[PDB]
Amino acid sequence: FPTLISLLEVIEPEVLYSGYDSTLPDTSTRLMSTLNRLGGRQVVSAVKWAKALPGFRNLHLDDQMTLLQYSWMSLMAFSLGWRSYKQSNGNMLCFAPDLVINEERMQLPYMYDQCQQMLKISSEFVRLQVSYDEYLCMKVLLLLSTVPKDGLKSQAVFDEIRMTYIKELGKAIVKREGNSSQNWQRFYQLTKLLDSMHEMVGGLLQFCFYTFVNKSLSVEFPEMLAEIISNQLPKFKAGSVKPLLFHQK
Amino acid sequence: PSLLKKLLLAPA
Ligand SMILES: C[C@]12CCC(=O)C=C1CC[C@@H]1[C@@H]2[C@@H](O)C[C@@]2(C)[C@H]1CC[C@]2(O)C(=O)CO
């Protein structure tokens with residue numbers, strides 16, 4: 001019998017290369033434009049992943065678009081945290097196999113704070129020693145953790161999917177531990193981590209918003225990512241979006 | 001006809 005966790009493993013996309021162009025002025029602007037080009041391709045990969053995610057296609061198309069537009073930065077930063085954990089134990093930002101950034105190069109203008117914020121996400125994977133299956137279940141829950149205050153068009157379907165993957169997270173925890181003493185404690189810690197992602201990514205999103213709107217910074221964005229931000233940004237800045245939290249705020 | 005909508009409706 002096939003399991004949901006085994007399917008999450010098989011649909012996880014391969015890591016993308018940047019195609020980086022080390023033969024140029026390592027300016028802050030060019031690095032940010034390079035990262036956004038990689039980010040746009042990673043979002044395309046994440047859309048294809050969501051289409052294959054068991055249950056996601058049952059949502060109204062408009063809800064599928066809302067969830068991807070609202071959560072894309074959480075997905076990208078969480079996966080960056082995982083790669084940086086597995087490839088460098090949280091010491092370097094492992095954007096792609098050909099684009100590994102150590103924190104000396106984060107001294108570039110506008111780069112220090114955002115790199116510290118990305119490293120903090122990776123440091124949580126190190127602290128908790130997150131397993132691959134726990135990571136895969138948590139990543140689905142991030143896709144399902146930011147919603148309009150006024151609700152979704154297929155609310156009942158959404159409620160069912162979200163509860164399904166909360167249960168799957170519990171199953172991944174039970175598998176990680178040939179015993180029982182820590183199952184609830186572990187679920188508590190990982191749902192605390194999920195809740196904390198909203199704030200841990202908030203500064204990254206605000207910085208992205210500013211580089212998108214402030215054209216004099218000359219940061220370039222690829223086409224589909226620009227479309228996504230242009231829809232997400234007004235909703236976030238207007239306060240019309242809410243996080244789904246497991247614990248009292 | 002946004003790019004995201006097109007991708008969600010596309011086959012692959
Ligand atoms: C998705 C992305 C690129 C691909 C990746 O492995 C992880 C991320 C998450 C952080 C993103 C990053 C880039 O897109 C550039 C971003 C948006 C950065 C947050 C702030 C940022 O540096 C900018 O706002 C530059 O304009």
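Chain identifiers are assigned alphabetically (A, B, ...) following the order of the sequence lines, protein sequences preceding nucleic acid strands; residue numbering begins at 1 within each chain. Keep in mind that the numbers below use all heavy atoms, side chains included, and drop hydrogens, waters and symmetry copies. When a ligand or atom number is given, it counts from 1 through the structure's own listing order.
Protein heavy atom at the shortest distance from atom 5 (C) of ligand 1 is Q42(A) OE1, 3.2 Å. Of all protein heavy atoms, the one lying nearest to atom 24 (O) of ligand 1 is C208(A) CA, 3.0 Å. Ranking the protein heavy atoms by distance from atom 11 (C) of ligand 1 puts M73(A) SD, 4.0 Å first. Considering only non-hydrogen protein atoms, atom 3 (C) of ligand 1 sits nearest to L35(A) O, 3.5 Å. Protein heavy atom nearest atom 8 (C) of ligand 1, with residue, atom name and distance: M76(A) CB, 4.0 Å. Here the heavy atom of the protein found nearest to atom 6 (O) of ligand 1 is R83(A) NH2, 2.9 Å. Atom 20 (C) of ligand 1 has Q114(A) OE1, 3.3 Å as its closest protein atom, hydrogens excluded (heavy atom only).
Ligand-side atoms of ligand 1 in range of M32(A): 25 (C), range being under 4.0 angstrom from any heavy atom. In the vicinity of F95(A), heavy-atom distances shorter than 4.0 Å reach the ligand 1 atoms 5 (C), 6 (O). Residue contact check: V219(A) has heavy atoms under 4.0 Å from atoms 26 (O) of ligand 1. Interface of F207(A) with ligand 1, defined as ligand atoms under 4.0 Å from a residue heavy atom, comprises 20 (C), 23 (C), 24 (O). Within the listing of ligand 1, atoms 26 (O) sit less than 4.0 angstrom from a heavy atom of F221(A).
Side-chain atoms of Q114(A) come within 3.5 Å of backbone N or O of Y110(A) as a donor-acceptor pair. Distance alone, capped at 3.5 Å, places no donor-acceptor pair between the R176(A) side chain and the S131(A) backbone. Using a distance-only test at 3.5 Å, with no hydrogens or angles considered, a donor-acceptor pair links the side chain of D63(A) to the main chain of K153(A). Judged by distance alone, the side chain of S123(A) and the main-chain N or O of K120(A) form a donor-acceptor pair under 3.5 Å.
Polar contact with ligand 1: absent for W72(A) (N/O pair, distance under 3.5 Å).
The CG atom of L31(A) sits 12.5 Å away from the CG atom of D21(A) when rounded to the nearest 0.5 Å. Here CZ of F209(A) is found 7.5 Å from NZ of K237(A). Values are rounded to the nearest 0.5 Å. Atom OG1 of residue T27(A) and atom CE of residue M111(A) lie 10.0 Å apart, to the nearest 0.5 angstrom.
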Exercise. Show the numbers, then the answer: is there a side chain to side chain donor-acceptor pair (under 3.5 Å) between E168(A) and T164(A)?
Key: CA-CA 6 Å; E168(A) 281 307 304; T164(A) 291; over 6 Å; no
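Closest of all the heavy-atom pairs between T191(A) and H247(A) is OG1-NE2, 2.8 Å.
Using the six-membered ring where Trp is involved, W82(A) and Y135(A) have ring planes that are parallel, under 30° apart on the 30 and 60° scheme.
Distances from atom 13 (C) of ligand 1 to the heavy atoms of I229(A), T29(A), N36(A) put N36(A) nearest.
At a 4.0 Å heavy-atom cut-off, ligand 1 does not touch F212(A) at all.
At a 4.0 Å cut-off, not a single heavy atom of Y210(A) sits close enough to ligand 1 to count as contact.
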